[PDB]
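See structure below.
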Amino acid sequence: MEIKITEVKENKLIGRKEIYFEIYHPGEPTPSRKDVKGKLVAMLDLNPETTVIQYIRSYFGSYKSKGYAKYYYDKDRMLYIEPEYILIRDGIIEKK
Amino acid sequence: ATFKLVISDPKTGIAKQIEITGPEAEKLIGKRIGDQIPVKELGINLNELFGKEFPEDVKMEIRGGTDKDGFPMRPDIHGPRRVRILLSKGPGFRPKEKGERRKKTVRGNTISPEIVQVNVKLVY
Amino acid sequence: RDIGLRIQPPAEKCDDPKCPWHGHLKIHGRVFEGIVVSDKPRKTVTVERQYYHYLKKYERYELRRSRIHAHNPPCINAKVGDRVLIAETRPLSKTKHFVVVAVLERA
Amino acid sequence: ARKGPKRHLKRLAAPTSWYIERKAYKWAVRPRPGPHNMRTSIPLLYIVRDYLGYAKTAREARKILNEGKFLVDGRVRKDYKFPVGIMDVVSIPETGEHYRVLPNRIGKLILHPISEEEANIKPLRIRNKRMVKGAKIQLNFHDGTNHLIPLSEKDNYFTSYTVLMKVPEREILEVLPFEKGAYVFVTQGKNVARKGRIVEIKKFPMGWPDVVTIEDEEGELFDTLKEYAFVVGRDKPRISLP
RNA sequence: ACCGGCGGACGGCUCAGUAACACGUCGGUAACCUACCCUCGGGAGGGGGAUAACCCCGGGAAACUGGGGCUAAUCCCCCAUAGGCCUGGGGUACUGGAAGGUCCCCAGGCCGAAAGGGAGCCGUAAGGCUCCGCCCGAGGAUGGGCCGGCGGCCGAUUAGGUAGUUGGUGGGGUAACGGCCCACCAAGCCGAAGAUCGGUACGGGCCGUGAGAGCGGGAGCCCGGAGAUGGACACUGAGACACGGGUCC
Ligand SMILES: [Mg+2]
Ligand SMILES: [Mg+2]
Ligand SMILES: [Mg+2]
Ligand SMILES: [Mg+2]
Ligand SMILES: [Mg+2]
Ligand SMILES: [Zn+2]
C-alpha cells in the first residue's frame with residue numbers, strides 16, 4: 001500500500017494536529033488500523049502513544065481509501081478531549 | 001372507652017405511653033384541646049413511669065389525638081363530628097408542593113369514644 | 001395646528017376630548033375617503049367606499065362596497081351625502097375605530 | 001406556545017441569514033436574548049464550529065469557550081448561545097486573528113478579516129436619544145447598548161449619526177454626521193451590501209418611513225430606506241469593507 | 001436523605017369543537033405585560049424568628065397522619081434610606097408626522113429593596129486579587145396580549161332579524177382600549193349586492209389531474225389554532241385556570 005498525505009492542519013486552541021491521507025492498494029484488502037498507525041508514525045516522526053486514527057473509509061469501486069487521524073502534544077490533553085469509545089477502539093486504553 | 005395516652009415531658013423531650021380504660025377514661029370524655037386537668041385526679045403513678053420525682057399538683061393539658069380509623073383532630077373545628085374539608089396547611093396535611101391544596105378527612109375538638117390516641121404534655 | 005395630514009383644520013373649536021384637532025385623540029394607520037350614508041346616532045356616521053374586484057376565471061370585474069362607522073366631532077358635524085376623510089384610531093366603541101378629520105365637499 | 005414561551009427551534013424554521021444545512025438534523029440552537037435582533041445575528045456556537053472549524057462536535061466547542069479563548073468586542077464570552085451581529089469584532093488572541101461580521105451580497109453573514117489596529121474600534125448607529133433623570137442625555141445604539149452625555153453637548157448628536165467607539169473601554173473618539181456627501185453602507189433590503197454617497201433625502205406624511213438616494217462608485221443611483229443606510233465616513237470609509 | 005434554588009407552561013400526541021378577527025396578508029398599539037440575556041447609572045446600613053433533617057412516643061387494613069424536644073441558611077419577618085404610584089400649580093430640555101409620553105421646580109398623600117452570600121490563592125497575621133453571585137432605575141432583546149382594512153364553502157320547499165340590542169353621557173374592572181360590566185338619556189344596528197337560521201368542515205404553505213383555461217383534495221413534513229372521559233371552578237407563578245398538579249357534578 002502507498003500512503004499519501006493530503007493536508008496537515010494545526011489547531012492551537014485544542015493543542016493537536018489533524019492529518020488527512022489516502023491509501024492506494026489495488027488487489028488488497030482494506031488496511032488495518034495497526035499497519036496504518038505504524039506507517040504514519042514512521043513517516044512523520046510521531047509518538048505512537050498520543051496518536052489516534054479517527055477513521056478509515058473505503059468506497060464502492062475504488063482502489064484507494066481515505067483516512068483521518070489526529071495527533072496530540074500532551075497525553076493528559078488527549079485524555080481530556082477525546083471521547084472514551086474512540087480511545088478503546090484504537091487500543092490506547094483498556095475497556096472495563 | 002379505651003384511651004391510649006401519650007404523655008410528653010417538655011423539660012426533657014422524653015415521652016411515655018400507657019393505656020387507660022374504665023371509670024378514669026370516662027372522666028376525660030367531653031374535654032376540648034387546650035385545657036388542663038390534674039394527673040392525680042385521673043390516677044397515675046407518674047414517678048414510676050419516668051423514674052423521676054415530680055412536683056405535687058402537676059397537671060397536663062390536651063394537645064391532640066387520632067381516632068380509631070386513623071384520622072387526626074384539628075384544633076380549629078368545633079364539636080366532635082368528623083368532616084372532610086379542603087386544606088392548604090396545618091395539622092392533618094403535609095403540602096409537598098408550593099401552593100398545593102387537598103381535600104382531607106379530619107375530626108373535631110371534643111373528645112369522643114371513637115378517639116384512640118391522646119397526646120398530652122405535662123405542665124409543671 | 002398640524003396632525004400629520006397636511007390639510008386645513010376646521011374653522012371653529014370644540015370641547016370633545018375625542019377630537020383629534022382640539023382633544024387628546026391620536027391618529028395612526030390607514031386614511032380613507034368616502035361618502036356619508038347615515039348620521040342618525042349621536043356623534044356617529046356611516047361611510048361607504050366603492051371599489052372593483054377582479055374575477056380571475058371570468059377575466060371581468062365586479063363592484064364591491066365597504067361600510068365603516070366613524071366618530072363625528074361637533075366641530076366638523078358631517079351630514080348625509082358629502083365626501084369625508086377618515087383616519088384610524090384606538091377602539092372607541094364596539095364598532096367605531098375611525099374618526100372624521102375633514103369634509104372635502106359639502107353636499 | 002399555548003401556555004408560555006418557546007424554548008426550541010427546528011432546523012427548517014431557522015433564520016434565513018445563517019450558513020447552515022437545514023436537513024442534516026432536526027434541531028438548531030435557539031439564540032439567547034442579547035445585543036442584536038434575530039434577523040441580524042447568529043449564535044456563537046456556529047461561528048466556533050461551522051464557520052472557523054476549530055471544533056467538530058458541540059461538546060468540544062463548549063470546552064474551548066469555557067477556557068475564554070474567544071473575545072467579542074474585547075470581552076470574553078462563555079455562553080454558546082450568545083448572539084453575534086453586524087459590525088461586531090471577533091478576536092482570537094492566541095492565534096492572533098480578527099474578523100468583522102458583515103452581511104453578504106445576498107443577505108448572509110460572513111467574516112471579513114481585518115487588521116489588529118482596526119480591531120479596537122466599533123461603529124455604532126445612533127438609534128434613539130432621550131432625556132434621563134438628573135437632566136442627562138441617553139443615546140441608544142443599534143446593537144442595544146447605551147451611553148450618557150451631558151446637557152452641554154446635546155446639539156452634537158442626532159439620530160442616524162454614527163459614533164466610533166473604542167472597545168472595550170467604551171470611549172467616544174469620533175462622530176460622523178448624516179448629510180449629503182456622507183459615505184454609507186447598506187445593511188438590509190434588496191440593495192444590501194452596496195456602498196456609496198448620499199445624494200438626496202425625502203419625507204412622507206403620516207409616519208411612513210423616509211427614503212434616501214445613493215450614488216455608487218460607477219455613478220449609478222439607487223434608493224433605499226434611511227434606517228438601512230449605515231454611515232461609515234465623511235467622503236471615504238473609515239473601516240475596511242469588502 | 002432532608003431544608004433551599006432553578007426547571008417541570010417547552011418538547012411529544014390527536015383533529016372532537018369551531019363559518020369565527022380561527023387562518024393568510026398589509027398596517028397599528030401615543031391603549032399593554034415579560035423570569036432567564038445585553039449595555040450604562042447607582043446601592044448592599046441595623047435588628048428579629050420558626051422549622052425540616054435528628055432524638056422520644058405513636059395512630060391506621062392501608063392511602064395517609066398526630067404530640068413533645070433541638071438546630072442552620074442565598075429560608076421567613078421588621079426599621080431606615082433609595083425607589084414606585086395618584087392629584088393640583090408652574091417652566092419648556094427630548095423623541096416623533098403628530099404628545100394624556102420623557103426631563104426640571106414647588107404641594108397633599110399612599111405603597112415601599114437588597115444575600116458582601118459562597119469558592120481559591122497570596123496573607124504569620126492584617127488585608128488584598130481573581131471566579132460565581134444579591135437589589136433599584138433607563139433602554140434593548142426574547143416570548144406574547146389586543147385592534148383594523150382586504151381575501152377564501154353549500155341551501156329561499158330558510159324573508160325578515162336584534163332589545164345590552166346600536167349610539168351617547170357618568171363610572172367600575174383590567175396588564176391595557178373597548179357594552180367588557182353597571183346607572184341614566186335616545187331609537188338605533190343588519191338585510192334580496194342574501195341578514196337570520198340550517199348543513200358540512202380545523203386554516204395555510206402545498207398535493208392529484210389536465211396542452212392550457214380549469215376541476216378535485218387539504219392525515220403524515222413546517223407555520224398558526226384548539227383539546228386532554230363530558231360540564232363547570234380555583235391555588236402557585238414571569239408565564240396555566242396546568243395531559244404524567246388541585247375541587248365539584
Ligand atoms: Mg403544554
Ligand atoms: Mg370535526
Ligand atoms: Mg419596608
Ligand atoms: Mg377546508
Ligand atoms: Mg397520522
Ligand atoms: Zn374639534
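Every chain is numbered from 1 and lettered A, B, ... according to where its sequence line falls, protein lines coming before strand lines. As a basis for the values below, the full set of heavy atoms in this structure was taken, side chains included, without hydrogen atoms, waters or symmetry mates.
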Hey, what's the ring geometry for D/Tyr46 with D/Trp18, parallel, tilted or perpendicular (30° and 60° as the breaks)?
->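 Tilted, since the angle between the ring planes falls between 30° and 60°.
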Name the orientation class of the two ring planes belonging to D/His8 and D/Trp27 (parallel below 30°, tilted from 30 to 60°, perpendicular beyond 60°).
-> tilted
Sub-6.0 Å ring centroid separation between A/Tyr73 and A/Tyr71 | yes
Taking a cut-off of under 4.5 angstrom between non-hydrogen atoms, the residues of residues 5-41 of chain A near chain D are A/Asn11, A/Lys12, A/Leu13, A/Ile14, A/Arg16
Below 4.5 Å, heavy atoms only, C-beta onward: do D/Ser240 and D/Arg100 meet side chain to side chain?
-> no
Identified salt bridge (charged side-chain N to carboxylate O under 4.0 Å, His left out) partner of D/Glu174 from the options D/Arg234, D/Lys166, D/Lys122 |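 The single option meeting the salt bridge (charged side-chain N to carboxylate O under 4.0 Å, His left out) with D/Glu174 is D/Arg234.
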Validate the cation-pi geometry between D/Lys63 and A/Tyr80: distance from NZ or CZ to the six-membered ring centre under 6.0 Å, angle to the ring axis within 45°.
-> yes
